Amino acid sequence: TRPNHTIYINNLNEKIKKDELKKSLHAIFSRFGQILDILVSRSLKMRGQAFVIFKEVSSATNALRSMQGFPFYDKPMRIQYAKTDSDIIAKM
RNA sequence: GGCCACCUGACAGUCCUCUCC
RNA sequence: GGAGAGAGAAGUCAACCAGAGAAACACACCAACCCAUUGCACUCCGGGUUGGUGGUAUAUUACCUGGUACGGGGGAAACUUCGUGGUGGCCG
Ligand SMILES: [Ca+2]
Ligand SMILES: [Ca+2]
Ligand SMILES: [Ca+2]
Ligand SMILES: [Ca+2]
Ligand SMILES: [Ca+2]
Ligand SMILES: [Ca+2]
Ligand SMILES: [Ca+2]
Ligand SMILES: [Ca+2]
Ligand SMILES: [Ca+2]
Ligand SMILES: [Ca+2]
Ligand SMILES: [Ca+2]
Ligand SMILES: [Ca+2]
Ligand SMILES: [Ca+2]
Ligand SMILES: [Ca+2]
Ligand SMILES: [Ca+2]
Ligand SMILES: [Ca+2]
Ligand SMILES: [Ca+2]
Ligand SMILES: [Ca+2]
Ligand SMILES: [Ca+2]
Ligand SMILES: [Ca+2]
């Protein structure tokens with residue numbers, strides 16, 4: 001997609017509990033820039049996926065490039081820019 | 001006296017309907 | 001959301017009333033597995049199995065203790081005793 005503040009991550013290990021997943025995700029993407037929020041749900045349609053909202057688009061980009069395919073909980077991470085702005089960025 | 005279905009009724013954390021706030 | 005009412009599923013129960021009073025079932029939540037899902041969201045929330053926990057279910061229908069209504073005993077009497085849905089079919 002086109003650059004976005006938020007990156008969409010899928011092909012994540014569905015067995016990891018929400019709290020732990022969000023914490024590890026925060027630990028791995030922290031270095032690219034300030035993270036405004038990380039959204040994760042284990043519902044039928046959202047499981048295996050996560051939305052990491054960066055304060056700066058440039059951070060979404062470096063994070064996406066450097067971490068594409070990163071082995072996370074035994075599965076290579078797939079990353080794309082989110083198709084639309086996350087509410088906090090849009091309502092901003 | 002027992003066992004199954006069924007009938008009437010008592011009981012009425014889900015759901016539906018109605019009234020009021 | 002909340003408060004009433006109707007109906008009523010599941011399940012338990014049976015002469016009626018009252019005091020005590022579980023279980024069953026329904027529902028919700030948690031855990032572990034299994035199945036399904038590769039899904040672009042920002043109003044939580046897939047299914048199944050096993051186990052567990054919970055509620056003005058703080059219910060009421062078993063059971064328990066009192067009386068009430070007919071029946072069977074016994075006793076001068078007083079009174080004291082046991083028993084109390086409809087229907088068909090099948091089991092000695
Ligand atoms: Ca979780
Ligand atoms: Ca979740
Ligand atoms: Ca890790
Ligand atoms: Ca795996
Ligand atoms: Ca309710
Ligand atoms: Ca008001
Ligand atoms: Ca309210
Ligand atoms: Ca209410
Ligand atoms: Ca009713
Ligand atoms: Ca019934
Ligand atoms: Ca009671
Ligand atoms: Ca009780
Ligand atoms: Ca129970
Ligand atoms: Ca349940
Ligand atoms: Ca699974
Ligand atoms: Ca698909
Ligand atoms: Ca979208
Ligand atoms: Ca939205
Ligand atoms: Ca929600
Ligand atoms: Ca009798």
Side-chain angles (χ1 to χ4, degrees), chain A residues 1-18 20-92:
Chain A
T1 325
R2 86 195 83 221
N4 196 282
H5 280 79
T6 302
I7 52 178
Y8 172 79
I9 308 171
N10 69 162
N11 189 43
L12 288 160
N13 193 319
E14 287 166 46
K15 264 69 181 304
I16 314 306
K17 302 197 168 309
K18 183 188 170 180
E20 197 178 310
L21 182 63
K22 296 184 61 176
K23 197 184 300 179
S24 310
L25 289 171
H26 196 289
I28 267 67
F29 288 104
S30 290
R31 62 165 180 150
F32 304 103
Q34 191 185 333
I35 296 170
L36 299 178
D37 206 344
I38 295 179
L39 311 191
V40 163
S41 172
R42 294 228 280 163
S43 79
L44 175 66
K45 302 297 179 183
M46 302 321 285
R47 64 186 58 179
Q49 314 147 70
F51 291 85
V52 173
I53 312 169
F54 282 102
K55 187 186 198 302
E56 301 297 308
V57 177
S58 62
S59 296
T61 303
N62 292 319
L64 178 154
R65 295 173 172 177
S66 307
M67 303 300 287
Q68 189 70 254
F70 187 100
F72 199 63
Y73 289 109
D74 294 16
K75 285 170 69 60
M77 265 177 30
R78 199 203 150 185
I79 315 179
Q80 315 169 231
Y81 286 116
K83 283 152 63 187
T84 66
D85 284 345
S86 293
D87 296 341
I88 67 167
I89 292 295
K91 262 83 166 300
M92 198 173 267

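Chain letters run A, B, ... following the sequence lines, proteins first and then strands; every chain starts at 1.
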Item to check | Base-pairing result for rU37(C) and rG13(B), Watson-Crick or G-U at under 3.5 Å | outcome: no
Next on the checklist: When both hydrogen-bonding distances must be under 3.5 Å and the geometry is Watson-Crick or G-U wobble, what is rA62(C) paired with, if anything?
Outcome noted: none
Next on the checklist: Can you tell me if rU58(C) puckers north or south, using the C1'-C2'-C3'-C4' torsion sign?
Outcome noted: south
Checklist entry - Just curious, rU81(C) north or south if you read off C1'-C2'-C3'-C4'? => result north
Checklist entry - Taking any strand in view, what nucleotide pairs with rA10(B) in a Watson-Crick or G-U wobble way, both distances under 3.5 Å? => result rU12(C)
Checklist entry - Counting any heavy atom closer than 4.0 Å, what does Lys91(A) reach on the DNA or RNA strands: base, sugar-phosphate only, or nothing? => result nothing
Item to check | Complement of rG71(C), any strand, by Watson-Crick or G-U distances under 3.5 angstrom | outcome: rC82(C)
Item to check | Stacking status for step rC35(C)-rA36(C) (5.5 Å, 30° cutoffs) | outcome: yes
Checklist entry - Side chain of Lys17(A): nearest nucleotide among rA32(C), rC40(C), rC42(C)? => result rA32(C)
Checklist entry - Between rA57(C) and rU58(C), is the six-membered ring centre distance under 5.5 Å and the plane-to-plane angle under 30°? => result no
Checklist entry - In the structure shown, which nucleotide is the Watson-Crick or G-U wobble counterpart of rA32(C), with both distances under 3.5 Å? => result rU49(C)
Next on the checklist: Please classify the nucleic acid contact of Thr84(A) as base, sugar-phosphate, or nothing, using heavy-atom distances under 4.0 Å.
Outcome noted: base
Item to check | Sugar half of pseudorotation for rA5(B) [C1'-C2'-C3'-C4' sign: + north, - south] | outcome: north
Checklist entry - Which base sits across from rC27(C) as a Watson-Crick or G-U pair, both distances under 3.5 Å? => result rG54(C)
Checklist entry - If you look at every strand shown and take non-hydrogen atoms under 4.0 Å, does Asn13(A) touch a base, only sugar-phosphate, or nothing? => result nothing
Checklist entry - Considering every strand shown, what is the Watson-Crick or G-U wobble mate of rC44(C) when both distances are under 3.5 Å? => result none
Next on the checklist: Regarding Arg78(A), tell me which of base, sugar-phosphate or nothing describes its non-hydrogen contacts under 4.0 Å with the strands shown.
Outcome noted: nothing
Next on the checklist: Quick check, does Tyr8(A) stack with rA41(C)? I mean ring centres under 5.5 Å and planes off by under 30°.
Outcome noted: no
Checklist entry - Taking the side chain of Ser86(A) as heavy atoms from C-beta outward, which of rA31(C), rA41(C), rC40(C) is closest to it? => result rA41(C)
Item to check | For atom CD of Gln49(A) and atom P of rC40(C), their distance in whole Å | outcome: 6 Å
Checklist entry - Given that both distances must come in under 3.5 Å, which nucleotide forms a Watson-Crick or G-U wobble pair with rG4(C)? => result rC18(B)
Checklist entry - Distance between the P atoms of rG21(C) and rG2(B), in whole angstroms? => result 28 Å
Item to check | Residue matched to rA5(B) through Watson-Crick or wobble contacts both under 3.5 angstrom | outcome: none
